[PDB]
């Protein structure tokens, strides 16, 4: 009954994950269950009837929402990501069709041209790729897809970091307001110019708060994840000296996937148990929180042979960086496409890459870089 491990100073998160995978893969720390193995992680993610994503009370509050009655709650609490069927299926079905192969094939040119434009702005002597490429690309592309014209990309970055960081925090809308009220004003002022998916959401039976949460989810959530995928890929391909090989062997799709496995932008996700469940050899009581470590599962030697090595052509690569089951990332194809095109165009342009300075995104759940300063050789 209750037992503590924990990452200690001399160890490093992946060494701790390796230990937990070997010694204690389903672990109660006295407060929350932590899961580290591929087998049990996937099990938790796929068994939504027992491990719930309703962690925000979306379901408990739905009526006080569809009949109108709450007014200063945080919208990102009420999205498809924090709901269970049948509400989840209803919400997701409004947009499943948006990232279809045909539409992304029609956006390849826009994305490629945008990427080239962003690359045109990099100083090869010294520059921050996170600032010049990784951040602006997903904001511009998602803006095109949803039809929300984005004037000041920097205000938008601020709003995206503000909302993403504090996602699901039970609180009052005033908590911030200085940046957040501006974001809300923007979405209402631009709820007309919108693309088919946005119009479907506004003209629906969702409460106004659900409508905002849904639009914010699509517009802002994927931005930090895709930025971090791109920057993590740049670091990994440089650290492991893979740029030449990736180019000569056309490894872009496989190498980007290995970046997703090895350096997942999202490290963990959470479920709440609805009933007593057996998970492995452990019994977890109704109402407990389960933290699933995608980063650990993605290195499990039972699934990924030689899992601690970066293998740019690893195949199969059944990583969990986009999740598994009914909540499998809606935006996964778009994230992959933006990252593949970005890495492709960048690799075409610069032949010698030297990393000069890095600053990490400070937080144990998200994995990426606030700053990535590099030197480039043209030709």
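Numbering follows the first chain given and starts at 1.
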> Which has higher Cα B-factors on average according to the PDB entry: 299-307 or 178-186?
Replying inline: 178-186
>> Going by the mean C-alpha B-factor recorded in the entry, which is higher: 245-253 or 193-201?
In response: 193-201
> Of 288, 120, 172, 236, which one's C-alpha B factor is largest in the deposited record?
Replying inline: 172
> Which one, 12, 18, 358, 363, has the peak C-alpha temperature factor per the PDB entry?
Replying inline: 363
>> Using the temperature factors of the C-alpha atoms in this entry, rank residue 116 within its chain: lowest, middle or highest third.
In response: middle
> Taking the C-alpha B-factors as the PDB entry records them, is residue 340 in the lowest, middle or highest third of its chain?
Replying inline: middle
>> When the deposited Cα B-factors of this chain's modelled residues are ordered and cut into thirds, is residue 31 in the lowest, the middle or the highest one?
In response: middle
>> Quick check for you: using the entry's CA B-factors within this chain, is residue 140 in the lowest, middle or highest third?
In response: lowest
> For residue 271, does the deposited CA B-factor place it in the lowest, middle or highest third of the chain?
Replying inline: lowest
